[PDB]
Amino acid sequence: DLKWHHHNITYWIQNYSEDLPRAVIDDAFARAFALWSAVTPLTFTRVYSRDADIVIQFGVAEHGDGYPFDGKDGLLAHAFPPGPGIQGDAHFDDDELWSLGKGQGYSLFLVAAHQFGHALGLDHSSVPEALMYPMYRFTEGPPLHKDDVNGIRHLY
């Protein structure tokens, strides 16, 4: 039930997934963030310290928190809402097949954006076409839906 008191959010990519090249992943995340910063006064800067607002980590099964991943399929990832400590960090189940665009596997890009929303304070949308819909479904074109934009703007 909290939001970031600053608009200069920072993120730190802790480790990577074995499914994609590092530069591919970095870009994916950058583009994910870019989506929100585009409709809000928010900015996202990549840092290299635990001090980052949002820390990005890929994991398998137990990974620190009490919500370990379910291996292939199922829970794909999860991000904690705004707050101190672990709050804000986004976790990805490196047991999934991460990719982009058409084809098998889940889009790291689209999933990231979704999770970044949660890490910004956004809650799940009730619209099937919105990016904040709790159900993954690949789509082409603008990821954000009127509902997602209104949401993030009602916050920032």
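Quick note: we count residues from 1 along the sequence shown, nothing fancier. Take the two forms, superpose them, and find the largest set of C-alpha atoms that agree within 1.5 Å; that set is the rigid core.
For a rigid core alignment of each structure in 5 other deposited structures of this protein onto the shown form, which stretch has the higher root mean square Cα deviation: 110-118 or 94-102? Most displaced of the pair in 5 other deposited structures of this protein: 94-102.
Taking only the CA atoms, which stretch has the higher mean B-factor in the record, 135-143 or 20-28? Stretch with the greater average CA B-factor: 135-143.
Report the stretch with the higher mean CA temperature factor, choosing between 60-68 and 97-105 on the basis of the entry. Mean B over CA atoms: larger for 60-68.
Can you tell me which of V55, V127, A38, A112 has the maximum CA B-factor listed in the PDB entry? Each of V55, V127, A38, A112 was compared by C-alpha B-factor; the highest is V127.
Among all modelled residues of this chain, ranked by Cα B factor, put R46 in the bottom, middle or top third, i.e. lowest, middle or highest. According to the entry, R46 has a C-alpha B-factor in the chain's lowest third.
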